[PDB]
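For reference, the structure is listed below as structure tokens.
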């Protein structure tokens, strides 16, 4: 979890409530005794809107984006057009507290000390309806049908769109625990309602609720948060706090909660009320935390008059092994995906997920205060029945994490620790510079090799059953990323200057380099072929030949058979390799024995036939035999069987063999030159006499 | 216009000319139901009018103005202008009554079952509403006092209801009847007087949508305005003026076409003509169908979308309709693509019909498919930019070219792709393997020279034109572009220069060129064929010298066509369920066929039954592609059967073709006429055939000549059985060796009576081991290589399989100094195993590498314990130097442990 201050401003006065235009283009702030209009891009303040006399205690803004409501200590409410003029003033019984437009009908509510004033657009009257108590905060049900009110008396009560009161809940303790804000969860079909658009006067004077699906976030000054249904039933238990909360709030998605308060920060939570992190911490009390429409930005308002605009960045967390992509879903689950069978399994934690690692039959997950080891119960390579093997109740600091057959490996910031499952440390290694990258490279259970890259550019191999670290190489710049080829003979490295470098490990020598890379993988089965991504391209390179380039954004996580497991900004995409293209690069070089290895991963019968006849004319009869067996063409198999049945019994004249191949292919003049030059002019006489081509046949008597 | 093609296929006429008010067609079981005046209800079912069931149903007291189907349950619902509501069930092959109901107050104006078939909504004129379960039990009922409804629909999830209002106004409710809002009717801008809803239809997405966030909900009005929404409160919908009096609207089952039924004032008369207009979800007009009669009353599609029933003046017409499928044929793969119930992608299927295999590719935003030779292009919307996914006959993408123009029209050629918008066209030259001149772009009103390998001026593509593009085609020699004026432009290829502008009396719906690139086959917007000879000189009636001649040829209801690939004057052309093959302008005998013209070469036309394939696209059958032989080939096959192989050759000597010489050759081979077979292979220059007849002509045994000639056609199983019947198990194995069926080679060797040759069982196992190892199935390859004694790849398998116990028991089995021991020793080093590498370097008699391995893996005890060598003392100096470097790192405890590992116990 990461959050960045995009821009900041400070008003002249305290900031009481916040409103966004539905497209996110403008922010409106109830600061002191005026409204302030802001650009969300960079915080330029366009205009102080002047209409009110006293403290603007709140503002809210309608779903069609045409009109906003603002309420004052001077008892007024004003309806402003998005032209920023206040066309319909209104004047309530006492000071205003919170105001809230209905999601569906644009019907407004405006709360006060005893009385709440509903009206629907441009009718001539307002339902100034009465309350038992000071009406602190108000929120419409996601379908628009009930307005729920929170009271300073520690009661929440639920009123229908006409103003009749239908349900009550009391927080045990009453006025000990004032309800300072509540919010209905956005998570239902209606959120796309009003998501499709391309378009001063005075105003005078419900059954089967258990089947209604809505859920209400309650933040009370008993210092607890809890969730409630429209039936009045509590969901689960009170999620306790150590502060006076304010402005419990959600993103457009309905899945993450913002929570401000006298903790002087904006805390972030799941929709289950589990903590996930911290948006920027503050000099003073936080009154307001509003998520931007359609997006991961947040805006905050504080007692000192500071406005802060934050972007939440929500980093990616995953690991792949050979063919099992495990990754973070929500921020509390791992989704583990078998990439061949396309099976998924969900494992649910009860906290944040911070690190994941995976290896054959072993999955490991790090939470804030424990690390989990998970095990596949069968040796079946199609299995997905993960069970928790062991659960280490210990806190760790780390830069990187990996898992092996019997061990967890922890990289602390310059130090590598091997821990047993069950948490007892085995061994440790201290590097000569800060660790930038690690990968497990396989081995027998308990002696596994680790491949390690340092900031000074040194590259090491470390065996988990050994106290000494083995230098493979050193480089002129830091290791950004690192991989080994299928045999373990070759290395690929990303040099932290956005280039890929490729090395022989057994001789410690550079083979080749490429000037634009960000992530790289070797093909897990087909050696001498690799893939990388960089600069908006995917790049497939075979055996020092030219590289196939096509547009992609996202990163190479792995490469198996004919598929490259590229990762898009939230999910794995599985791009397919043009096997036909590297195959013809081997055939331009007459590397028939190699070309077959690219073909054998999957190419067309046209590719197989064009390979087979290139092998046949190249006199590579062992390749051509197999390249034609794929097509099952008996004509040329009979010819190959003839040429082998003449190499057996002591013929060796290659020009005679190529003449027969050119004869079967109908390459007659070239076959005839070969029959002449091989020393057998009579075979060229026979060929043209048999074809009855007498105008050419006459040449070959002699 | 651009789109599908359709024609009036059938009629049914109703007794006494009883006028129909409504029709609707079941889709899970295919019954039509139709409701007319005087209590008429009938159920009808088509089969292959010649209908297979025709039941009238009785109980109604007036015109049966509501008829509607439950799909999920076997139930028909009906009501009349006297408010008797009936639900019928099909019991013992008859529609009986199950439940009966009457409110005794008002006309039932409309109904809809919900998207799951669990509920019905029923809306009266006076203001009532009912919702009832499929149980027949009533759930709730309002009375919307103030306004009269006239229409209803559910939403896709059944959470929302749309009620219409008879004053041309629409109100949105939740599924409990709580009023949410009035809908915005933005198509009614600039209107006067009263409005009425002619229809509402919402495609609930069951076959998947044409695109993610495509329009789903269609509304239309009696003034001819229409409005297509993405959801119930989409305030920026698609706007249409149809220019006709609309009576009703219906989506096809796939949601890819909207049909609008109405009538228009005829162009020279105070009389109305009935028309159906067809629209895309995006409001582009696909076509217009006229129908005869006083009035069209109602409209409904067949469950397959291949017919549409039109209730008209006491008749039901049925328009056959031929979908404009996203499809193409390339190198004996059929490519077909369909939207899915459960994905946003198109499921594109590359069905290899030569091997019978499906390769399946899920593609986002598919605009079109096109083919030429072994390659196809999936043209798509990029996640404005569009991408031409050039792809091979098994569906692996080769080169996704991004372009900044909409690929509305696409033509493909053995070197070129051409894509065009309504105003400009882009040409990309391609192959598989200079590069710079291989892309260009041109505006339709431009006059290019041909000469310039220029940069892509995408800024020119938005210059407005009065006459846009409506069809294009290209031939590997010219590009022909058709304007909406009936101007046709001729451009050169491979470089694009404007050669000539022609003008014609028609818009082109389709264009295609003969291979010699001199005759253009033009189909008009009206479905009429014509040929235009592009090069032909003509003296005009003025005496002026014209170029391009409209030939005398004409034919009607043409919609699919194919010039032969090889021949410049053979051509094929569909009308309905008939194909009229041509030579020059002269038609042959028509061939009975439904399917699309797939390929035309070697006197054969392949045809494909896409309409059968797309009913169950995950289980296609060989029969869904059919081969036709044109008359010259059938006559020659008939002569060979009637006149016999000897004298049938005279007709082919009179009128030769390379396909006919092969037919005579394969006929003569099968009847063992090696003399005539030799002459037939000579006449088509097949040296493989000439060698084969000569080889047969040396064999001694007729049974063996049969076994060998049976092989020639690819009947290898029959040849093998022939050799087994001949007591030639050796030739049976010989045939299987040549074919590479190594499982059969080994099966014959195991099952035969003779002692199987040891080197042949070795060869057999090793080739099966190789078969799996080349397919990366190492665990299978081991099973054969361990029998076949292939230690040199058994090592590669045990290493890739990560079986270091396997690789140990391999290396421990070898002789000393054996060539494989130093590579298995390096495998144990790459993985970090010292004792196994030391064992391998000692069996290889290679002791310096054992010491060096003990050094590399820091086994300094084992490094120095090899006491037979002088090197032990030398490495004691390296051990001292390494310890001194640890002491420069100040690691005194590691230097102590290293000296303890060295057995330097004093130090």
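Chains as they are written, first to last, in the deposited numbering: chain C, 1 to 199, 208 to 213, 244 to 740; chain E, -2 to 45, 59 to 393, 408 to 457, 472 to 945. Virtual Cβ for every residue (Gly too), placed ideally from N, Cα, C.
Residue i (DSSP reduced to helix, strand or coil)
i, result
"residue 211 of chain E", "strand"
"residue 598 of chain C", "strand"
"residue 865 of chain E", "helix"
"residue 477 of chain E", "strand"
"residue 551 of chain C", "strand"
"residue 615 of chain E", "coil"
"residue 279 of chain C", "coil"
"residue 48 of chain E", "Since the model of chain E passes from 45 to 59 in one step, residue 48 of chain E is not part of what is shown."
"residue 658 of chain E", "coil"
"residue 900 of chain E", "helix"
Backbone CA spacing between residue i and residue j [nearest angstrom]
i, j, result
"residue 120 of chain E", "residue 133 of chain E", "5 Å"
"residue 229 of chain E", "residue 384 of chain E", "45 Å"
"residue 548 of chain E", "residue 519 of chain E", "10 Å"
"residue 689 of chain C", "residue 659 of chain C", "15 Å"
"residue 119 of chain C", "residue 112 of chain C", "15 Å"
"residue 673 of chain E", "residue 622 of chain E", "19 Å"
"residue 66 of chain E", "residue 37 of chain E", "7 Å"
"residue 370 of chain E", "residue 357 of chain E", "7 Å"
"residue 77 of chain C", "residue 331 of chain C", "25 Å"
"residue 542 of chain E", "residue 451 of chain E", "25 Å"
"residue 402 of chain E", "residue 235 of chain E", "For residue 402 of chain E, nothing is modelled; it lies in the interval where chain E passes from 393 to 408 with no residues in between."
"residue 401 of chain C", "residue 444 of chain C", "11 Å"
"residue 737 of chain E", "residue 707 of chain E", "14 Å"
"residue 716 of chain E", "residue 695 of chain E", "16 Å"
"residue 89 of chain E", "residue 71 of chain E", "10 Å"
Distance between beta carbons of residue j and residue i, contact taken as under 8 Å
i, j, result
"residue 340 of chain C", "residue 317 of chain C", "About 12 Å separates the two Cβ atoms, so there is no contact after all."
"residue 714 of chain E", "residue 702 of chain E", "7 Å"
"residue 327 of chain E", "residue 39 of chain E", "In fact, because the Cβ distance is near 15 Å, the residues do not count as touching under 8 Å."
"residue 47 of chain E", "residue 272 of chain E", "Coordinates for residue 47 of chain E are simply not present: the residues of chain E run from 45 and resume at 59."
"residue 345 of chain E", "residue 381 of chain E", "7 Å"
"residue 530 of chain C", "residue 558 of chain C", "5 Å"
"residue 394 of chain C", "residue 356 of chain C", "6 Å"
"residue 75 of chain E", "residue 91 of chain E", "6 Å"
"residue 59 of chain E", "residue 9 of chain E", "5 Å"
"residue 424 of chain C", "residue 391 of chain C", "The pair is not a contact, with the Cβ atoms about 14 Å apart (cut-off 8 Å)."
Proximity test, residue i beta-carbon vs the ligand GDP heavy atom, cut-off 8 Å
i, result
"residue 814 of chain E", "In the structure shown, the ligand GDP is absent, as is every other ligand, since no ligand is present at all."
Element boundaries [beta strand (DSSP E), containing residue i]
i, result
"residue 251 of chain E", "248 to 251"
"residue 610 of chain C", "Where residue 610 of chain C is concerned, there is no enclosing beta strand (DSSP E), given that its DSSP letter is neither H nor E."
"residue 436 of chain E", "433 to 436"
Opening and closing residue of the alpha helix (DSSP H) in which residue i lies
i, result
"residue 754 of chain E", "754 to 763"
Entirely within the region 670 to 711 of chain C and at least 4 residues each: give me those alpha helix (DSSP H) ranges in chain order. Segments of the alpha helix (DSSP H) lying fully in the region 670 to 711 of chain C: 672 to 685 and 692 to 702.
Please specify which runs of the alpha helix (DSSP H), each continuous and at least 4 residues long, are wholly inside the region 704 to 778 of chain E, giving them in chain order. The DSSP assignment places 712 to 721, 725 to 734, 740 to 750, 754 to 763 and 767 to 777 as complete runs of the alpha helix (DSSP H) inside the region 704 to 778 of chain E, in order along the chain (cut-off: 4 residues).
In chain order, what are the residue ranges of uninterrupted beta strand (DSSP E) at least 3 long that sit wholly in the region 290 to 334 of chain E? The region 290 to 334 of chain E contains these whole beta strand (DSSP E) runs: 295 to 301, 306 to 311, 317 to 322 and 325 to 332.
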